[PDB]
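A.B. asks:
Number of protein chains: 2
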Amino acid sequence: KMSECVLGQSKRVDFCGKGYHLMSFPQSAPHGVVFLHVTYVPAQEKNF
Amino acid sequence: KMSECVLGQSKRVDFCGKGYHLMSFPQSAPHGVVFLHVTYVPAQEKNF
Ligand SMILES: *[C@@H]1O[C@H](CO)[C@@H](O[C@@H]2O[C@H](CO)[C@@H](O)[C@H](O)[C@H]2NC(C)=O)[C@H](O)[C@H]1NC(C)=O
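Chains as they are written, first to last, in the entry's author numbering: chain A, 1028 to 1075; chain B, 1028 to 1075.
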């Protein structure tokens, strides 16, 4: 995920958050890593 | 695979069946899952 979510834009479904992946930012944690995932989500549909 | 083969279209080779991935349908099995992989296979080539 560090390579595919932070150093790129992934198309893999539900791999870099929920929605359409735009970008991610890492944060360190005591014995691990926290990813902040920024996604695009559509809203307010109409029928045509 | 449930995320990437069923909830979307994958470009990963051989991850969602043999051929060019179109779509997949899940089925429940006892203690497991069965994937029905729908693929696109070209046929009847000519040379040019
Ligand atoms: C396209 O042309 C090639 C030859 O350039 C065909 O390959 C030949 O196929 C025949 C019959 O199977 C063999 O006897 C030859 O040995 C093959 N040639 C070579 C050099 O391998 C090929 O069959 C053609 N493709 C189509 C779809 O007709």
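Quick reminder that beta carbons are idealized off the backbone N, C-alpha and C, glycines included.
(1) Determine whether the Cβ of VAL1061/A lies closer than 8 Å to any Cβ atom of chain B.
(2) Just to make sure I have the definition right: I need the residues of chain B whose C-beta is within less than 7 Å of the C-beta of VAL1040/A. Which are they?
(3) With C-beta atoms as the reference, is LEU1063/A less than 8 Å away from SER1055/A?
(4) Under 7 Å: does the beta carbon of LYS1028/A sit that close to some heavy atom of ligand 1?
C.D. replies: Straight from the coordinates:
(1) In the first sequence, the residue the question calls residue 1061/A occupies position 34. Taking Cβ atoms only, chain B never reaches closer than 8 Å to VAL1061/A, which makes this a no.
(2) In the first sequence, residue 1040/A corresponds to position 13, counting from 1. Within 7 Å Cβ-Cβ: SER1030, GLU1031, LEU1034, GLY1035.
(3) Translated into the one-based positions of the first sequence, residue 1063/A becomes position 36. Translated into the one-based positions of the first sequence, residue 1055/A becomes position 28. The answer is no: Cβ separation not under 8 Å.
(4) The count along the first sequence starts at 1 and reaches residue 1028/A at position 1. Answer for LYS1028/A: no, Cβ out of range of ligand 1.
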